[PDB]
Structures are given as structure tokens and as C-alpha cells.
Amino acid sequence: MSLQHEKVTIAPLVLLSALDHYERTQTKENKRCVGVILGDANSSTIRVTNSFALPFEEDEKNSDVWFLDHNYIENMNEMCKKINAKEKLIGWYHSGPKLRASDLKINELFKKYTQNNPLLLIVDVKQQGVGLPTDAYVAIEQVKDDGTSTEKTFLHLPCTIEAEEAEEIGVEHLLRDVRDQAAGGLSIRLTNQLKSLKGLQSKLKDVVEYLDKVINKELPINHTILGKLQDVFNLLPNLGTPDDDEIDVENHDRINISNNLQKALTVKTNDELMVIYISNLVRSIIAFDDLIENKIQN
Amino acid sequence: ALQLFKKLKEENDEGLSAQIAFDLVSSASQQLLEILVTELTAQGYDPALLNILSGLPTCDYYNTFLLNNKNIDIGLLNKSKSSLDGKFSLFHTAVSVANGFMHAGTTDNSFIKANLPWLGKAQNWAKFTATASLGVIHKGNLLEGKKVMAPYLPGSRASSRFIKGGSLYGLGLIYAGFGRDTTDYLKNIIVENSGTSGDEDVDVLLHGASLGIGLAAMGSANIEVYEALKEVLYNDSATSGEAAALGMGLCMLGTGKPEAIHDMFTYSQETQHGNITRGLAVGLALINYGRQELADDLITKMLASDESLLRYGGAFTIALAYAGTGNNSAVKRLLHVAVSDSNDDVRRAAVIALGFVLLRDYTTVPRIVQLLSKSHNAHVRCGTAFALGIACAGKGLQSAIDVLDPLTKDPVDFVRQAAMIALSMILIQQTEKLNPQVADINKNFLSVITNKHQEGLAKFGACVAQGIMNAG
Amino acid sequence: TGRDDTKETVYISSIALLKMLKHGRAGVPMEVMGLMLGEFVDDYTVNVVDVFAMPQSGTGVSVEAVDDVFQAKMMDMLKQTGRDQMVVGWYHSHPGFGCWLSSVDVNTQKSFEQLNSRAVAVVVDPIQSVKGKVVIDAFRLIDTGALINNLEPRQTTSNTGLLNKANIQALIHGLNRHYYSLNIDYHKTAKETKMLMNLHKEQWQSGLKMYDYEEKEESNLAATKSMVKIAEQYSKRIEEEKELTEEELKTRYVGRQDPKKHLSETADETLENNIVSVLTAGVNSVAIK
Amino acid sequence: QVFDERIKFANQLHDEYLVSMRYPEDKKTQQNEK
């Protein structure tokens with residue numbers, strides 16, 4: 001259906017709902033909770049506004065065996081539209097941990113109800129790391145050059161977060177932290193430069209051990225991954241370019257302004273140097289007279 | 001200790017041995033005295049020695065003293081009633097406490113009878129407070145204790161459940177320190193209702209029982225009591241859980257049993273009733289009294305737990321463990337924690353702590369806590385006031401008085417209450433002749449009570465504080 | 001005879017607040033409503049679990065607009081998911097008016113007292129949610145009977161006494177002669193707190209992302225120029241300004257909007273930044289190649 | 001290279017300035033004064 005799924009912006013309310021509902025439907029230990037996600041589409045940017053739980057019973061043994069009460073979904077839906085009839089069914093949340101190729105079948109069910117391709121928004125509830133606990137995937141059927149007679153598949157989609165005005169003010173009222181994703185003062189940003197290096201390193205390391213497995217442990221040759229790595233090597237920086245010379249001109253500019261400004265603060269504080277010393281001279285006389293006053297008092 | 005007496009048995013004479021006994025019992029902790037009598041009994045000392053050590057003498061003497069030399073300015077009684085109307089619940093509360101302090105140690109039904117109409121306006125937990133204020137007055141005279149509370153003790157009152165409970169609580173106030181026999185009487189009712197406490201009638205009685213038994217069994221560490229209070233705690237009663245939590249750390253005082261700390265610590269996690277959980281936090285504190293470094297594991301853990309609840313008690317566990325040690329660790333923790341903690345209840349609490357730690361050394365205190373009174377954080381200032389009081393209660397250090405004066409007049413209502421209290425706590429019964437300022441602070445109270453442009457909050461503190469000054 | 005009757009602190013869950021703001025904001029300025037579902041524990045701890053909204057009626061908040069067919073059926077959808085809990089009160093939004101309970105709202109609340117007599121009425125004011133403030137207040141009826149016999153002190157027993165006294169006149173009169181206003185505290189788990197707190201994937205990556213260089217050029221030039229103009233004021237100031245009478249000195253030599261200080265703040269902000277700027281360029285070059 | 005030395009030199013003048021200024025006040029404030 002809708003091909004339009006270029007970006008996914010996600011309401012923090014959705015997250016919050018997915019985390020809470022997980023426990024009040026009382027599912028634990030890899031027992032999946034599937035619920036509906038409501039919001040707008042037929043739009044480039046997809047905006048997931050809100051969500052609601054459905055009952056979901058999943059058989060322990062296999063992921064091909066499961067119970068879902070279809071009829072419930074239609075009954076819930078019509079009351080919900082009365083509240084807000086903008087919202088439409090656009091797909092389903094899956095309560096993590098992590099993608100399955102059994103989902104492909106699951107997705108298809110939801111497609112009956114929906115007039116757009118259902119979005120599979122894996123809201124991971126385990127919150128591993130401080131990085132976003134959303135991967136988004138959409139079921140797409142595409143042809144592939146290998147020989148495969150049409151493959152059916154889940155393609156990763158960029159996940160970001162946006163909140164409404166009403167929503168945003170709720171986020172800030174709740175929080176009481178000092179914060180450090182502020183990237184504000186010299187201190188936060190000092191950290192932030194180091195943090196980014198190591199951020200990169202961890203990712204880079206994962207790429208590196210993954211490449212070993214491809215040509216040694218018979219993980220498939222996924223041509224897409226390799227294909228993408230070429231742009232990284234081609235658009236890698238170079239030295240002895242007249243760009244490098246250009247950076248040096250800029251470097252001189254910024255250090256230059258730094259020194260004029262450094263001297264300029266020295267002047268301001270020194271004016272204060274004088275002001276504290278006037279005060280101090282004055283108070284020598286006051287201290288002297290103070291004694292004479294006390295003599296009378298005694 | 002016992003060896004001191006075998007030396008003195010070979011020199012035995014009444015005056016000598018008795019002077020040493022009087023010296024010993026004032027200083028000595030209850031646990032020291034208790035183990036010591038058993039040892040003398042097998043040594044077969046004169047019963048004269050043991051009798052002193054019972055402290056039945058010392059209590060007879062102090063009754064006579066206060067009886068004769070108590071001067072009662074009567075104008076206070078008549079005035080509190082008039083100026084602060086007793087229909088309002090808060091106001092009765094303040095008036096009741098001031099009186100119970102004024103009339104300490106010696107019996108007086110002089111207040112009751114004169115102020116029969118005031119008494120009538122008490123209702124709800126205001127009346128519970130009233131019933132218990134009586135047992136501050138009738139503290140001492142241990143003999144006529146049971147007797148004089150006998151109309152109000154259960155099964156002779158049925159009017160109201162608030163009286164029944166609070167007559168039991170106050171019974172314990174009388175009997176701390178003599179309270180071993182008294183422990184039985186209170187235990188009977190706790191075991192009956194050891195389960196059912198989800199009856200609203202039952203609960204109120206039982207609050208008063210549970211505090212009573214804490215007070216009477218203080219520091220004895222009757223494991224019989226700790227268990228009985230525990231079942232109550234589990235039933236998860238609205239208000240008597242609070243009393244239980246406290247009542248257990250009162251009983252077991254200072255034992256620091258590994259079992260005890262643990263069991264309560266687990267229970268805090270489960271509980272949702274905001275009171276119990278706080279109560280257990282403070283309850284952990286009470287049991288780790290003077291436990292120094294054996295409490296460090298607990299101290300790390302509470303501070304480490306995000307809960308508002310557990311950090312509040314975190315502060316007073318450090319405080320009671322290191323009470324009266326300048327230990328550098330204890331001081332650094334309390335300052336760092338108070339300033340940087342976001343939550344208000346927890347913030348006030350770490351400031352209060354400092355007074356306990358610095359009971360021993362009152363010299364460096366106006367200066368450390370100068371810094372905090374400067375902080376124009378609302379909560380922080382309230383707790384500086386309280387802190388000063390604890391630390392310098394006994395002495396008159398001038399620096400302390402001065403630090404407290406800007407706080408008296410601070411626009412935030414809640415500061416003003418603490419502050420006014422904190423001055424009289426410092427200057428407890430110090431002649432106005434010696435120091436003329438005392439008289440001025442006192443009048444200030446009276447003036448605020450006159451003022452109607454004040455909140456009930458200033459009025460509450462101000463009256464109580466005059467009762468602190470004029471005590472017994 | 002009965003309980004302490006201290007009005008409950010309404011402990012509002014993180015979800016219930018988020019939905020409430022969202023709900024009101026959509027409906028503004030038309031009044032919005034719904035029921036609060038929760039559970040009642042302790043004496044004064046009401047945990048407001050979650051809320052749902054009832055379809056906007058052309059009668060606004062009314063007993064008429066509490067529609068039992070909708071209500072019931074909703075209980076039942078939530079029942080299957082096992083998220084059902086007792087109704088513990090009701091909220092609605094007045095944006096038109098401050099926070100208080102209108103005569104119509106008092107009747108509505110009276111029906112709820114039969115369910116649970118500790119039920120709350122919560123007024124959400126979503127027009128002023130555009131500030132950093134969340135303007136929300138919670139109320140619980142007082143009986144007329146209580147006020148006539150002057151038995152009202154029972155309800156205000158053993159408490160810290162901090163009461164919101166904002167909003168007076170007719171509103172306050174009504175409040176005093178009908179409901180009791182008490183505090184709202186927000187309790188939230190640290191699990192909830194963390195999910196919310198977490199931001200983008202690109203958040204922890206941004207330090208090697210850098211500003212376009214045409215803007216750094218622009219900024220360097222602007223700061224050098226601006227300080228020059230305030231420096232004129234500062235030179236004029238310390239020509240004199242060593243006499244007496246404080247306030248007069250400030251008017252004579254333009255010591256109001258003080259130049260020394262405004263200069264010291266700008267100079268430093270720009271200085272710190274320029275350290276960050278270089279720091280990123282050097283690092284980028286060297287790390288990658 | 002050139003500017004770097006100048007920047008470092010300013011900083012030393014700041015610390016000398018800061019240091020000297022505060023010291024007499026301390027003595028004065030403690031002492032009784034009207």
C-alpha cells in the first residue's frame with residue numbers, strides 16, 4: 001500500500017503507554033504484548049500520536065501459534081474515534097526484545113483493517129542503554145538481484161522522537177535532573193566531545209568483528225552493507241589538499257579572537273580590584289573610630 | 001564495675017559506697033546497670049547498694065523537689081485559652097503541648113478544671129493528644145501513675161476511641177526507665193489484635209498501645225515485643241503501622257541486630273502507605289544508635305536508593321550512629337548530600353543531622369551552619385534553626401543567638417515557626433537578669449500571638465516555645 | 001468520631017498527567033471531561049492511575065453529559081486487558097475560568113460521593129499549560145452540614161498546612177462554602193523517568209557534527225564589533241563617578257544598565273565558545289584521518 | 001605559537017589579581033566595625 005514511510009517521528013506518550021500497559025496486562029518473560037498504534041499517515045513523515053493495548057496471549061512453545069481476539073479491535077476502535085476521529089489505525093506496537101521473522105505473518109493480519117501498510121514499531125521495554133529504544137521496521141515486498149523469487153522482508157526505518165506542546169511541557173515538569181544532554185556550558189560540551197569519540201569507537205568495533213564473521217563463519221554476503229561502506233571510504237578526508245590549508249587559516253582566526261577577549265576580561269576584573277581596595281581603605285578609618293564609640297558604651 | 005565494689009567491700013561504710021552509687025547511675029546507660037545488678041547478687045552485696053541501683057531513691061527525691069519549688073504563673077493558662085481559640089484543631093494542639101511542658105513531673109488538675117470549656121472543644125486526634133499530654137504532667141510518681149490514668153485507661157472509658165488509645169500512650173511516658181513490669185500490661189492488648197487491625201475502632205486504641213510499649217521497653221530489647229509489633233506492621237494498618245515502626249527501634253535500641261535491620265529494610269520496598277515507609281526509615285536509624293562503622297553497609301545502601309523515603313532516613317542513620325564524634329566522613333556526607341539533593345523533605349533532614357554529630361562540639365557549629373543559613377533555600381533555613389537548637393541547647397553561646405535572629409523574621413512562614421522554637425530551646429531557663437535579651441524574645445512571642453496579620457503557623461510555634469522556656 | 005479526614009494529597013501518575021494535558025489542549029476552549037480511575041489506599045493517598053475521556057457534549061460538564069452507556073462500555077474494554085480499577089473521581093478542564101468548582105460541578109461531584117466519599121474533582125487549565133507552569137488543582141466536597149455546626153476543623157487536622165490560596169473573590173467564597181482545596185504531588189518511578197529522559201541516537205554523536213563555518217565567521221565578527229560600542233559607555237562612566245549618593249551616581253554617569261557587567265558576560269560567553277569551536281575542528285581532522 | 005603564550009600570561013595575572021584583592025576584606029569583616 002502506502003510506500004510513504006520515509007521517517008518515523010514518535011510521541012513519548014506512546015513509549016510511556018507501551019511500558020505501563022506491559023505490566024497492567026501483566027506480561028513478563030518474553031511474553032509479547034501487542035497493541036494498536038494510532039496516528040496520521042498518507043504523509044511522508046509518519047506521526048505516531050497515541051496507542052492502546054489489545055489483549056494478547058502468546059503460546060510459549062512456538063511463535064506460529066498464538067491467540068488474538070480480532071473482534072475486540074473493531075469494538076475498541078469505534079469508541080476511540082469518537083474521542084478523536086483524526087486518528088486512524090496505522091499498525092501495531094510489539095513489546096520487544098527484538099525482531100522476528102514470525103512477525104511477517106502477524107503484520108498481514110493488521111493489513112486487512114488498515115488502508116496503509118501497517119508500521120511495526122518495536123518499542124523495546126527493556127531500555128538497554130541510553131540510546132533510543134525504538135527500531136522501526138515496515139513489511140515491504142521487493143525483488144532482489146540474487147535470484148530470489150521475490151523476497152518478503154522488514155527494512156529498518158529512522159526513528160526520532162518529537163513531542164507536542166502539551167506533551168513537551170509534561171516532559172520538563174517531570175524532570176528534575178541537572179541534565180547533561182543540554183550541551184550548554186563549557187563543562188557539558190567538554191564531556192560531550194569525549195563522549196562522541198567513544199560513542200563512535202563502540203560502533204566501529206562492532207562493524208569490524210562483524211566483517212570477520214562474513215568471510216569466516218558464513219553469515220550471508222549482504223551486498224547492501226558492503227555497498228554502503230564504499231561511500232565511507234570515498235568521502236573519507238584527505239591531507240595536502242588546499243582545504244587543509246584552509247583549515248589552518250580558520251584556526252588562526254579563532255585563536256586570535258580568543259586572545260583579544262582574554263585580555264578584555266583582565267581589564268574588567270582589575271576595575272573591581274580597585275573598588276575592593278577603596279572599600280578596604282575606608283573601613284580602616286571606621287575600625288579606628290569604632291574603638292572610641294565602644295569606650296563611651298562601656 | 002563489679003571489681004570497684006569488691007575493693008569497697010573491704011573498706012565498707014555507707015556514705016562512701018553510696019556516693020559512688022549516685023555518681024554511677026546518672027551517667028550509666030540502662031544496659032550497664034541491668035547486667036550489673038545480677039553480678040552483685042551473686043557476689044551477695046548489701047541490698048542497700050542494689051536499691052540505689054534500682055533508682056527508686058532518686059525518683060522519690062526529685063518528686064519532692066519539683067513539688068516545693070515549682071512556681072506556676074497562672075496568667076499563661078488563662079491567656080492561651082483566650083487568645084488562641086480552641087475550636088481550631090491546630091491551636092488546641094499548640095496549647096496542650098505548652099501546658100504539658102509547663103506543669104512537668106508533678107500532678108496538676110488545675111489546668112483541666114479551670115479550662116473545662118477548652119477541653120470540650122477537642123475532637124478527633126486533637127483529643128488523643130490531649131489525653132497523652134496528661135501523662136507528661138503525671139510523669140514521675142510512678143506509684144500513682146496507673147492510678148491517676150485509671151479512669152481513662154480502657155474498660156472504664158467507652159465514650160471515644162481517641163481517649164482509650166491516648167491514655168495507653170501517655171502511660172508509657174510515665175514509665176520509661178521503670179517500665180519492665182509495665183511492659184506486660186501493654187503486651188496483652190497487642191497480642192489480641194495482632195491480626196485484626198482493619199477495624200477502624202480497633203486501630204486508634206492500638207496506635208496508642210504501640211507507642212506506649214516502645215517507651216516502656218525502651219532499650220531493653222525484648223524480642224517478645226519486637227515480634228508482636230511486627231505482625232501489626234504486616235497487616236498494613238493506616239496509622240498504627242507508623243507507631244509500630246517507631247516502637248520497634250525504640251525497644252531494641254542500639255542492638256543493631258543484623259536480622260532486625262534487614263527485615264525492616266525489605267519491608268520498606270513493598271509498602272505504599274507513605275507514613276509507614278518513612279517511619280521504617282527513621283526506625284533503621286534508631287536501631288543503629290552508636291553503632292559507628294558496623295552500620296556503614298546500611299548507610300551506603302539507603303543513600304544509594306533513589307527513594308525520597310530512604311534518603312530521608314539515610315541522613316539520620318549517619319547522625320545517630322556517629323552521635324557526638326567529629327568524624328570527618330560523617331560531616332562531609334551531610335553537607336554534600338543536603339545541598340545537592342533535589343527533594344525538599346530529604347534536604348531539610350540532612351541539615352538537622354548536623355546538630356547530633358556535633359553534640360560534643362558546639363564551638364565550631366555557628367560558623368559551619370552560618371553558611372547554610374545564608375542559603376536562601378526555604379527548607380534549608382528551616383532546618384538550620386532546628387539544628388542550632390539541638391547542638392547548643394544546653395549552653396548560651398552568643399554567636400548562636402545572633403545567627404538565629406534574621407531567621408526569626410524571615411518572610412517564609414515555616415522558617416519563622418522553627419526559629420522561634422529554636423531560641424527558647426537554646427536559652428532554656430536562663431535568667432533574664434543575666435541576659436536581658438531573653439525577656440525581649442519572650443515578649444515577641446506574646447506579640448505575635450496578639451497579631452492577627454500572622455498565619456496560624458507562626459502562632460503554633462510561638463506558643464509552644466514559651467511553654468518550652470517556662471517548663472516544669 | 002470517624003477518620004482523621006485530612007484531605008488527600010492527590011498523587012498523580014506520570015501517564016495521567018500526560019494524557020490530561022493532551023486531552024485539554026485538543027479541546028480548548030470547549031470544555032473537556034472524563035473520569036479518573038485509580039485506587040484508594042492509606043488515609044490520604046489517592047493514586048490516580050489513569051484517565052479516559054468522554055465524548056464532548058453540547059451541554060459541557062453536566063450530569064446529563066455523564067453518559068452511562070459510554071461509561072459502562074469503556075469499563076468493559078479495559079476489563080479484557082485487565083487495566084480496570086475502581087473509579088476514584090472525575091476530572092474536567094475549565095480553560096475559560098480559573099481553578100474552582102462551579103455550582104454545576106458541585107452537583108456532578110455529589111453523585112460521585114456515593115461511589116466513594118473521598119472522590120476528587122480535578123480542574124485542569126490547559127490554556128496556561130503554554131507556560132512552564134502546569135496549572136492544576138484538586139478539590140473534595142465539603143458538606144454544608146460541616147460548616148453550619150462549625151465542625152469544619154476536623155477536616156484540617158494534623159497537617160503541614162501548606163494550602164494554595166491563589167484565586168479569591170467569588171471563586172474563593174464558593175470554595176470555602178463548598179469544597180476543600182489540597183495539594184497535588186507527582187510520584188513517578190525511575191523507570192518511567194529514564195525512558196522519557198532518553199533522547200535521539202544522534203544525541204551522543206553530535207560533538208563531531210559541527211557548525212557551518214560561514215556562521216562561525218559571522219559570529220566572530222559580531223562580538224568584536226559589539227563590545228566596542230558598549231566600551232564607549234564604560235569609558236564615559238569612569239571619567240567621574242567617584243562622588244557620593246549612590247542612586248544619583250547611577251543617573252549622572254549612566255551606571256544603570258551597567259556597562260562593565262554587561263560587557264563581562266558577553267566577553268566570556270564568546271570566549272568559551274571559541275574554545276569549543278577549535279576543539280571540534282582539530283579533533284575531527286585527526287580522528288578520522 | 002605566538003598567541004598561546006599571551007593567553008597563558010593573562011591567566012597568571014588573573015590569579016594574582018583575584019588573590020590579593022579578597023585578603024584585607026576578611027580581616028576587616030571579622031573585626032568590629034560600625
# chains A, B, ... in the order shown; residues from 1 in each chain; ligands from 1

$ residues_around --residues "stretch 265-279 of chain A" --least-positions-apart "6" --cutoff "9 Å" --atoms "only C-alpha atoms" --output "list in words"
residues 260, 261, 263, 264, 267 and 268 of chain C; 10, 11, 13, 14, 17, 18, 20, 21, 22, 24 and 25 of chain D

$ interface_residues --of "chain B" --to "chain A" --cutoff "12 Å" --atoms "only C-alpha atoms" --output "list in words"
residues 340, 341, 342 and 343 of chain B

$ atom_distance --atom1 "atom CA of residue C:53" --atom2 "atom CA of residue A:123"
25.0 Å

$ residues_around --residues "stretch 70-82 of chain B" --least-positions-apart "3" --cutoff "7 Å" --atoms "only C-alpha atoms" --output "list in words"
residues 66, 67, 85, 86, 95, 118 and 472 of chain B

$ write_last_selection --atoms "C-alpha atoms" --output "short mmCIF file (atom, residue, chain, number, x, y, z; two decimals), in the first residue's frame"
data_model
loop_
_atom_site.label_atom_id
_atom_site.label_comp_id
_atom_site.auth_asym_id
_atom_site.auth_seq_id
_atom_site.Cartn_x
_atom_site.Cartn_y
_atom_site.Cartn_z
CA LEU B 66 9.63 19.90 91.99
CA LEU B 67 6.63 19.82 94.36
CA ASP B 85 -9.44 29.83 70.19
CA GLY B 86 -9.55 26.10 70.93
CA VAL B 95 -1.85 25.00 73.75
CA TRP B 118 -11.40 24.46 76.12
CA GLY B 472 8.41 22.35 84.94
#

$ select_by_dssp --residues "stretch 69-170 of chain B" --states "alpha helix (DSSP H)" --output "number ranges by chain"
B: 69, 75-83, 89-102, 110-114, 116-120, 125-137, 145-148, 161-170

$ atom_distance --atom1 "atom CA of residue B:83" --atom2 "atom CA of residue C:166"
27.9 Å
